[PDB]
Amino acid sequence: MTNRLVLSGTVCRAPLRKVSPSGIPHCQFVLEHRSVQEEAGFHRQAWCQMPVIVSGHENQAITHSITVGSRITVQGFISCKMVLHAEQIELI
Amino acid sequence: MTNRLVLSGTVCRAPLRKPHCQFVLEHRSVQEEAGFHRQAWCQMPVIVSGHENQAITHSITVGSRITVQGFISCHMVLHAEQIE
């Protein structure tokens, strides 16, 4: 059932944008995550460069406010090379 | 900042107790996207460290259906905090 990733980070690659023949807009960028996480009582650095895709009309708008350096939080499902398919985007 | 993955799947690689247990989780689901249903698939390496989750771990065998929660890190692996 469950497949949900919430990941904050800094955009390290600006949105590449395109539209399919059928008229579906797609936007792809990369989210660089860095943080300290707790695991079994010890602090450890977590790092990931996560490709993000925003598909469909409904979330394209906010995307135009995202550039390299933008701090955001993306919520969505992962699909595998791994990509995070954005369902929600929060501008930090 | 936020780093939280909740993933359900089937164990495709039997847990090897290395102090941490490591295995691979195969996920397959149908997800909704841009008006359409799109299948999603991943084979996620999972690491469970913490004696709290070591009883459940050693029951798990390939084919077991579990739900895991934790943070992701790229060496990509899921460092599991909880596992049902």
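Observations, loosely collected:
- Neighbouring Cβ atoms from other chains, within 10 Å of the Cβ of residues in A:47-56, number 3 on average.
- About the Cα centre, charge dipole magnitude for the stretch B:2-84 (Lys/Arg +1, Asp/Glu -1 at Cβ), debye: 240
- Gyration tensor verdict on the protein assembly as shown (Cα atoms; rounded if a/c is under 1.5, prolate if a/b is larger than b/c, oblate otherwise): oblate
- Per-residue mean of foreign Cβ neighbours for B:1-12 is 6 (Cβ atoms of other chains, 10 Å radius).
- Spin-label model distance (nm) - B:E32 vs B:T10, 7 Å beyond Cα toward Cβ: 2.6
- Debye intensity ratio in log₁₀ form over the Cα atoms of the stretch A:2-92, taken at each q of 0.26 Å⁻¹: -1.41
Cβ atoms come from the backbone with ideal geometry, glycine included; neighbour counts cover every protein chain shown. Values quoted throughout were computed directly from the atomic coordinates according to the rules given, and no laboratory measurement underlies them.
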